[PDB]
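For reference, the structure is listed below as structure tokens.
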Amino acid sequence: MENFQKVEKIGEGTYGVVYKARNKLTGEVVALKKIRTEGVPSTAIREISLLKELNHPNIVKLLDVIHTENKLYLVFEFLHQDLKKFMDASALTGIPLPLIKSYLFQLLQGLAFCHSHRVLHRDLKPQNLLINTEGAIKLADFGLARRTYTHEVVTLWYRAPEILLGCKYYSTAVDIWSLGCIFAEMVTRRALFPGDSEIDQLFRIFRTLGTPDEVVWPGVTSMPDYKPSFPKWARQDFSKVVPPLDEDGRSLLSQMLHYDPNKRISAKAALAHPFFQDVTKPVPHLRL
Ligand SMILES: Cc1ccccc1C(=O)c1sc(Nc2ccc(S(N)(=O)=O)cc2)nc1N
């Protein structure tokens, strides 16, 4: 961008590269996502427009969308750290439960909002959850229905089982699943389902929650990628999953990880779960 002074590369997003940049005129500091191109979509244009109007305290603000010279630029409000870095920085001591609870609660408010506006994120993971010094956490890098590019590896750790099983239409339930996996990770300081391939991801989920069947997930054996040959693992005692999370937290997590997308708790209902009876908004200790 001629109007932007790149300060540094933040990373390789999911479609292109992300830079911390300064509006050479206004002096505003922003995150700039640069994408690709041989025609560009139109169905996406509508998706981008809605995302731009989708303003909420727990959703990173999309400031501008600039399509020029076969490149697409998305300008977002800048936040100083992502949750992946914060979790790594807190791995020795662990993120205090009140902060874990505050973050989960804020992310559920963000999801309740996008979901009520029929917007799905589709790819929640620690790297796309951004935090600030004021204790806020926000959803970033929403994925469209429509890895950066070459030499990359997509993280499958937070993928819902119905996606892995070939479901063609995602429901808002896929975001609840990803967030449940993130909640578990903040608590235990270890990824819940660290698969290195789609089948390894699926089988790690099965080994922990039990291989799904028609009793717990009606219709699962008729799904596109389901095979009768899948191994049959018994569900593991849940208390072994996220120690030492309290029963309120474990109850909420179990509801966020129900196999059946229709049984999985909604963001709205999760906000009313007993786990949040004592929620507060603590200040995180951020080293920037
Ligand atoms: C466009 C995009 C793609 C993927 C993920 C997020 C975004 C995004 O909107 C970002 S990224 C960021 N800053 C930041 C600062 C520091 C760190 S870090 N590793 O923790 O040093 C990470 C992110 N701010 C915004 N708005």
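In the structure tokens, each chain is lettered A, B, ... as it comes, each chain's residues begin at 1, and ligands are numbered from 1 in order of appearance.
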
>> I want to know what sits within 9 Å of residue 80 (chain A), based on only C-alpha atoms, with residues of the same chain fewer than 4 positions away left out; could you give that as number ranges by chain?
In response: A: 130-133, 288

> What residues have any atom no more than 8 Å from ligand 1 when counting only C-alpha atoms and all ligand atoms, and can you list them as number ranges by chain?
Replying inline: A: 10-14, 17-20, 30-33, 60-62, 74-86, 127-130, 140-141

>> My list of candidates is A:120, A:29, A:139, A:114. Which is closest to residue 63 (chain A) when distances are computed with only C-alpha atoms?
In response: A:29

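For the pair CA of residue 116 (chain A) and CA of residue 257 (chain A), the interatomic distance is 20.5 Å.
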
>> When you count only C-alpha atoms, which of these residues is closest to residue 66 (chain A): A:88, A:3, A:177, A:15?
In response: A:3

>> Please identify the helix (DSSP H, G or I) residues within region 155-188 of chain A (assignment by DSSP from backbone atoms) and present them as a PyMOL selection string.
In response: chain A and resi 161-164+173-188

Output the selection as a PDB file, in the first residue's frame - N, CA, C and O atoms for each residue.
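What ended up in out_39.pdb:
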ATOM      1  N   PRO A 161     -15.971 -32.328  14.740  1.00  0.00           N
ATOM      2  CA  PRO A 161     -16.038 -33.656  14.113  1.00  0.00           C
ATOM      3  C   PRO A 161     -16.906 -33.741  12.874  1.00  0.00           C
ATOM      4  O   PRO A 161     -16.576 -34.477  11.933  1.00  0.00           O
ATOM      5  N   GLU A 162     -17.984 -32.963  12.829  1.00  0.00           N
ATOM      6  CA  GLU A 162     -18.842 -33.008  11.643  1.00  0.00           C
ATOM      7  C   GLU A 162     -18.122 -32.489  10.392  1.00  0.00           C
ATOM      8  O   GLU A 162     -18.422 -32.930   9.282  1.00  0.00           O
ATOM      9  N   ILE A 163     -17.171 -31.571  10.560  1.00  0.00           N
ATOM     10  CA  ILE A 163     -16.405 -31.068   9.414  1.00  0.00           C
ATOM     11  C   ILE A 163     -15.454 -32.188   8.943  1.00  0.00           C
ATOM     12  O   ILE A 163     -15.332 -32.469   7.736  1.00  0.00           O
ATOM     13  N   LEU A 164     -14.785 -32.819   9.898  1.00  0.00           N
ATOM     14  CA  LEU A 164     -13.862 -33.922   9.601  1.00  0.00           C
ATOM     15  C   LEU A 164     -14.572 -35.107   8.935  1.00  0.00           C
ATOM     16  O   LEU A 164     -13.956 -35.858   8.153  1.00  0.00           O
ATOM     17  N   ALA A 173     -22.669 -24.465  15.369  1.00  0.00           N
ATOM     18  CA  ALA A 173     -22.085 -25.400  16.327  1.00  0.00           C
ATOM     19  C   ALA A 173     -20.591 -25.614  16.106  1.00  0.00           C
ATOM     20  O   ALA A 173     -19.863 -25.962  17.046  1.00  0.00           O
ATOM     21  N   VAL A 174     -20.104 -25.404  14.886  1.00  0.00           N
ATOM     22  CA  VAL A 174     -18.677 -25.647  14.702  1.00  0.00           C
ATOM     23  C   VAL A 174     -17.824 -24.672  15.509  1.00  0.00           C
ATOM     24  O   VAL A 174     -16.745 -25.024  15.953  1.00  0.00           O
ATOM     25  N   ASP A 175     -18.303 -23.451  15.705  1.00  0.00           N
ATOM     26  CA  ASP A 175     -17.535 -22.478  16.478  1.00  0.00           C
ATOM     27  C   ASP A 175     -17.540 -22.809  17.953  1.00  0.00           C
ATOM     28  O   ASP A 175     -16.562 -22.565  18.624  1.00  0.00           O
ATOM     29  N   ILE A 176     -18.649 -23.360  18.456  1.00  0.00           N
ATOM     30  CA  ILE A 176     -18.744 -23.726  19.863  1.00  0.00           C
ATOM     31  C   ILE A 176     -17.727 -24.840  20.172  1.00  0.00           C
ATOM     32  O   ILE A 176     -17.066 -24.812  21.209  1.00  0.00           O
ATOM     33  N   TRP A 177     -17.620 -25.811  19.267  1.00  0.00           N
ATOM     34  CA  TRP A 177     -16.660 -26.894  19.424  1.00  0.00           C
ATOM     35  C   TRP A 177     -15.228 -26.334  19.512  1.00  0.00           C
ATOM     36  O   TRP A 177     -14.482 -26.650  20.449  1.00  0.00           O
ATOM     37  N   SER A 178     -14.845 -25.498  18.549  1.00  0.00           N
ATOM     38  CA  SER A 178     -13.491 -24.928  18.550  1.00  0.00           C
ATOM     39  C   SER A 178     -13.213 -24.183  19.842  1.00  0.00           C
ATOM     40  O   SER A 178     -12.128 -24.277  20.397  1.00  0.00           O
ATOM     41  N   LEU A 179     -14.186 -23.411  20.299  1.00  0.00           N
ATOM     42  CA  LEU A 179     -14.000 -22.628  21.525  1.00  0.00           C
ATOM     43  C   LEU A 179     -13.894 -23.559  22.750  1.00  0.00           C
ATOM     44  O   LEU A 179     -13.204 -23.244  23.700  1.00  0.00           O
ATOM     45  N   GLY A 180     -14.582 -24.693  22.719  1.00  0.00           N
ATOM     46  CA  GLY A 180     -14.480 -25.640  23.821  1.00  0.00           C
ATOM     47  C   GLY A 180     -13.060 -26.203  23.866  1.00  0.00           C
ATOM     48  O   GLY A 180     -12.451 -26.362  24.942  1.00  0.00           O
ATOM     49  N   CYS A 181     -12.518 -26.514  22.696  1.00  0.00           N
ATOM     50  CA  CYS A 181     -11.135 -27.011  22.621  1.00  0.00           C
ATOM     51  C   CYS A 181     -10.163 -25.961  23.140  1.00  0.00           C
ATOM     52  O   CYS A 181      -9.133 -26.295  23.719  1.00  0.00           O
ATOM     53  N   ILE A 182     -10.464 -24.688  22.892  1.00  0.00           N
ATOM     54  CA  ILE A 182      -9.568 -23.604  23.340  1.00  0.00           C
ATOM     55  C   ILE A 182      -9.646 -23.406  24.850  1.00  0.00           C
ATOM     56  O   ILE A 182      -8.622 -23.188  25.519  1.00  0.00           O
ATOM     57  N   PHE A 183     -10.860 -23.514  25.380  1.00  0.00           N
ATOM     58  CA  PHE A 183     -11.134 -23.401  26.816  1.00  0.00           C
ATOM     59  C   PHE A 183     -10.327 -24.508  27.530  1.00  0.00           C
ATOM     60  O   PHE A 183      -9.612 -24.240  28.502  1.00  0.00           O
ATOM     61  N   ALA A 184     -10.408 -25.739  27.024  1.00  0.00           N
ATOM     62  CA  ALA A 184      -9.663 -26.858  27.624  1.00  0.00           C
ATOM     63  C   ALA A 184      -8.172 -26.599  27.616  1.00  0.00           C
ATOM     64  O   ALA A 184      -7.469 -26.897  28.581  1.00  0.00           O
ATOM     65  N   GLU A 185      -7.682 -26.061  26.513  1.00  0.00           N
ATOM     66  CA  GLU A 185      -6.260 -25.767  26.371  1.00  0.00           C
ATOM     67  C   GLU A 185      -5.798 -24.684  27.342  1.00  0.00           C
ATOM     68  O   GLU A 185      -4.700 -24.788  27.887  1.00  0.00           O
ATOM     69  N   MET A 186      -6.601 -23.642  27.562  1.00  0.00           N
ATOM     70  CA  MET A 186      -6.200 -22.606  28.522  1.00  0.00           C
ATOM     71  C   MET A 186      -6.075 -23.223  29.930  1.00  0.00           C
ATOM     72  O   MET A 186      -5.164 -22.893  30.702  1.00  0.00           O
ATOM     73  N   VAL A 187      -7.021 -24.098  30.257  1.00  0.00           N
ATOM     74  CA  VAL A 187      -7.069 -24.779  31.546  1.00  0.00           C
ATOM     75  C   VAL A 187      -5.921 -25.760  31.801  1.00  0.00           C
ATOM     76  O   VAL A 187      -5.227 -25.655  32.820  1.00  0.00           O
ATOM     77  N   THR A 188      -5.671 -26.667  30.867  1.00  0.00           N
ATOM     78  CA  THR A 188      -4.633 -27.681  31.067  1.00  0.00           C
ATOM     79  C   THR A 188      -3.236 -27.325  30.600  1.00  0.00           C
ATOM     80  O   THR A 188      -2.253 -27.957  31.021  1.00  0.00           O
TER      81      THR A 188
END

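Closest approach to residue 166 (chain A) among A:48, A:65, A:256, A:223 is made by A:223 (distances from only C-alpha atoms).
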
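Distance-wise, CA of residue 8 (chain A) and CA of residue 28 (chain A) end up 14.8 Å apart.
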
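Considering only C-alpha atoms, the residue among A:1, A:44, A:113, A:231 positioned nearest to residue 203 (chain A) is A:231.
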
> DSSP on the backbone: what in region 6-72 of chain A comes out strand (DSSP E or B), as a count of residues only?
Replying inline: 32

> Of the candidates A:121, A:67, A:24, A:240, which shows the shortest atom-to-atom distance to residue 37 (chain A), using only C-alpha atoms?
Replying inline: A:67

Write out as a PDB file with N, CA, C and O atoms, in the first residue's frame each polymer residue whose atoms come within 8 Å of residue 5 (chain A), counting only C-alpha atoms; drop sequence neighbours fewer than 5 positions from it.
ATOM      1  N   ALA A  21       0.958  -2.097  10.315  1.00  0.00           N
ATOM      2  CA  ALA A  21       1.268  -0.958   9.443  1.00  0.00           C
ATOM      3  C   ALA A  21       0.741   0.353  10.023  1.00  0.00           C
ATOM      4  O   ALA A  21      -0.111   0.340  10.909  1.00  0.00           O
ATOM      5  N   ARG A  22       1.248   1.483   9.528  1.00  0.00           N
ATOM      6  CA  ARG A  22       0.787   2.793   9.996  1.00  0.00           C
ATOM      7  C   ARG A  22       0.219   3.599   8.835  1.00  0.00           C
ATOM      8  O   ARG A  22       0.873   3.742   7.809  1.00  0.00           O
ATOM      9  N   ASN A  23      -0.992   4.119   8.991  1.00  0.00           N
ATOM     10  CA  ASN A  23      -1.570   4.934   7.940  1.00  0.00           C
ATOM     11  C   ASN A  23      -0.656   6.161   7.810  1.00  0.00           C
ATOM     12  O   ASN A  23      -0.652   7.033   8.675  1.00  0.00           O
ATOM     13  N   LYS A  24       0.125   6.218   6.735  1.00  0.00           N
ATOM     14  CA  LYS A  24       1.070   7.322   6.527  1.00  0.00           C
ATOM     15  C   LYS A  24       0.469   8.725   6.626  1.00  0.00           C
ATOM     16  O   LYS A  24       1.202   9.714   6.716  1.00  0.00           O
TER      17      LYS A  24
END

Dump as a Markdown table the rows for residues of region 82-166 of chain A within 9 Å of region 272-287 of chain A: closest atom pair and distance in Å with one decimal, only C-alpha atoms counted, ordered by chain and rising residue number.
| residue | atom | partner | partner_atom | distance |
| --- | --- | --- | --- | --- |
| A:86 | CA | A:286 | CA | 7.8 |
| A:89 | CA | A:287 | CA | 8.8 |
| A:95 | CA | A:284 | CA | 8.8 |
| A:98 | CA | A:280 | CA | 6.8 |
| A:99 | CA | A:282 | CA | 5.8 |
| A:101 | CA | A:279 | CA | 6.4 |
| A:102 | CA | A:281 | CA | 5.5 |
| A:103 | CA | A:281 | CA | 8.3 |
| A:105 | CA | A:276 | CA | 7.4 |
| A:131 | CA | A:284 | CA | 8.9 |
| A:132 | CA | A:286 | CA | 8.0 |
| A:133 | CA | A:286 | CA | 6.4 |
| A:134 | CA | A:283 | CA | 6.0 |
| A:135 | CA | A:283 | CA | 4.8 |
| A:136 | CA | A:281 | CA | 8.2 |

Write the residues of the selection above to a file with C-alpha atoms, as a PDB file, in the first residue's frame.
ATOM      1  CA  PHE A  86      -0.190 -15.294  25.803  1.00  0.00           C
ATOM      2  CA  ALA A  89       3.980 -16.888  27.955  1.00  0.00           C
ATOM      3  CA  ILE A  95      -3.588 -18.369  33.104  1.00  0.00           C
ATOM      4  CA  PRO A  98     -10.788 -15.801  36.598  1.00  0.00           C
ATOM      5  CA  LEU A  99      -9.068 -14.592  33.418  1.00  0.00           C
ATOM      6  CA  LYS A 101     -13.419 -17.434  32.618  1.00  0.00           C
ATOM      7  CA  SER A 102     -13.514 -13.799  31.564  1.00  0.00           C
ATOM      8  CA  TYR A 103     -12.011 -14.627  28.165  1.00  0.00           C
ATOM      9  CA  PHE A 105     -17.358 -15.377  28.538  1.00  0.00           C
ATOM     10  CA  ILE A 131      -6.080  -9.513  23.528  1.00  0.00           C
ATOM     11  CA  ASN A 132      -5.330  -6.045  24.828  1.00  0.00           C
ATOM     12  CA  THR A 133      -4.008  -4.545  28.042  1.00  0.00           C
ATOM     13  CA  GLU A 134      -7.556  -3.728  29.210  1.00  0.00           C
ATOM     14  CA  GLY A 135      -8.634  -7.329  29.658  1.00  0.00           C
ATOM     15  CA  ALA A 136     -10.619  -7.625  26.426  1.00  0.00           C
TER      16      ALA A 136
END
